[PDB]
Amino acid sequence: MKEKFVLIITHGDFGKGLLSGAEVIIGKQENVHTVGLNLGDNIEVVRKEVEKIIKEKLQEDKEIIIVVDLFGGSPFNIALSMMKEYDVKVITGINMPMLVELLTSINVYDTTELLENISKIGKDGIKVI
């Protein structure tokens, strides 16, 4: 199995903070990068930066998973454009249980099963007490 690389693309500091939070739980990550879309960012500039990252990682023979905050919106639109061009895989609605499970099982499952796993865990992790 190819080594995986996780790109987190979200609004503002969400991805940065989500990774920070996960790292409190499971320690400092390699092979995870965050890109945040802030008010005042040009989406085409951000798109080109994301593409830069993907090419670089593909050239390192890595398999790429893009995790997005929200279905719809500029981060999602960027992720979709990368799937159109580079055949990376994409999942939306990322939360903490998903990211922790993803990063601790990244070597265990193939990308398709990995994403199905965390989709299920993410939904199950949302509970009104």
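One rule holds for the numbers: they count along the sequence shown, beginning at 1.
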(Q) Regarding 14-22 and 102-110, which shows the higher C-alpha temperature factor on average in the entry? (A) 102-110
**Q.** Mean C-alpha temperature factor, higher of 31-39 and 48-56
**A.** 48-56
Q. Among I64, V67, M96, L70, where is the Cα temperature factor highest, going by the PDB entry?
A. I64
Q. Based on the entry's values, in what third of the chain does the Cα temperature factor of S81 lie: lowest, middle or highest?
A. highest
Q: Would you check the entry's CA temperature factor for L7 and let me know if it's in the chain's lowest, middle or highest third?
A: lowest
Q.
Based on the deposited C-alpha B factors for this chain, I'd like to know if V128 is in the lowest, middle or highest third.
A. middle
